[PDB]
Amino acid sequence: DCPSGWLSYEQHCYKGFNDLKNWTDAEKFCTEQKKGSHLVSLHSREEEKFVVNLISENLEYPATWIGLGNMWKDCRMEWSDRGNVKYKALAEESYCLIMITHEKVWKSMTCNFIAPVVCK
């Protein structure tokens, strides 16, 4: 059982928003919304298809940020010449994940992008 506005599924609470904003703002946002809230997480196509319809019914835009940001910035690396990677110079730009309603798949997009949020 979830509060007003929020829909329930399995054991969590969901809530779509049209307030378009970048990944970080979308995250900090979800937290301020409710203690323990973060961008939606998806551990199965089942939960996914649920969040999909939640969007289609409540939200205008056919997509939302999900919950993964700065995707390939803190990985284990190495140069092709087998040399070690001590020195780093990773640009501030970075990729985050978004889910498109229709094709219901995941796309990578610069976290700069402005999209609708779907807390949980």
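Residue positions are given as counts along the sequence shown, with the first one as 1.
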Handout entry: Entry-level comparison of average CA B-factors, 70-78 and 40-48, reporting the higher stretch
Key = 40-48
Exercise for the section: Look over 55-63 and 89-97 in the entry and identify the one with the greater average Cα temperature factor. Expected result: 55-63
Completion exercise
So, residue 24's CA B-factor, relative to its chain, sits in which third? The lowest
Problem - Relative C-alpha B-factor of residue 114, binned into the chain's lowest, middle or highest third - result: lowest
